[PDB]
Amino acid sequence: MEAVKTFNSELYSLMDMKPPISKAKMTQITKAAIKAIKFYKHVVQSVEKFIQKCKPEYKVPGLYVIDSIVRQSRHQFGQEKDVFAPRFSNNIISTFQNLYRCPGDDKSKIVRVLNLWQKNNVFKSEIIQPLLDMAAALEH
């Protein structure tokens, strides 16, 4: 899976940079993911694996990868044709459990993304709400 090998390289190249990650790098990763759309399942697994394994400082970068991929795919293939949001939604509870192990000052950045996802209907509201509830429950 050459296209996946190229995606894996871009995603892991996040390790070669101190956050915040540039738009230029996020674009590169996103472009690689889209070119690898035949193996969208392996792309999703690689992103989820990255989020499970990375240092606290790369949690929000990991979430930005999901955001950037999903929005680019919706734009490029059509909102109802996008394969990425539905696939990312399968393990999304586990993904956010992992994301919420970010530094304290990064929690608001996760909520910001969740609110935008709701506002712009990137994910179904039924999916997003428990993710928000988890954020608030952590603050108590």
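Residues carry their position along the shown sequence, with the first being 1.
Asks: Taking only the Cα B-factors deposited for this chain, tell me whether residue 112 sits in the lowest, middle or highest third.
Replies: CA B-factor rank for residue 112: lowest third.
Asks: Considering only modelled residues of the same chain, in which third does the CA B-factor of residue 26 rank: lowest, middle or highest?
Replies: It belongs to the highest third of the chain when residues are ordered by C-alpha B-factor.
Asks: Going by the recorded CA B-factors, say which third of the chain residue 129 sits in, lowest, middle or highest.
Replies: CA B-factor rank for residue 129: middle third.
Asks: If you rank every modelled residue in this chain by C-alpha B factor, which third holds residue 81: lowest, middle or highest?
Replies: Answer is middle: the recorded C-alpha B-factor places it there.
Asks: Pull the Cα B-factor of residue 67 out of the PDB entry and bin it into the chain's lowest, middle or highest third.
Replies: Middle third of the chain for residue 67's C-alpha B-factor.
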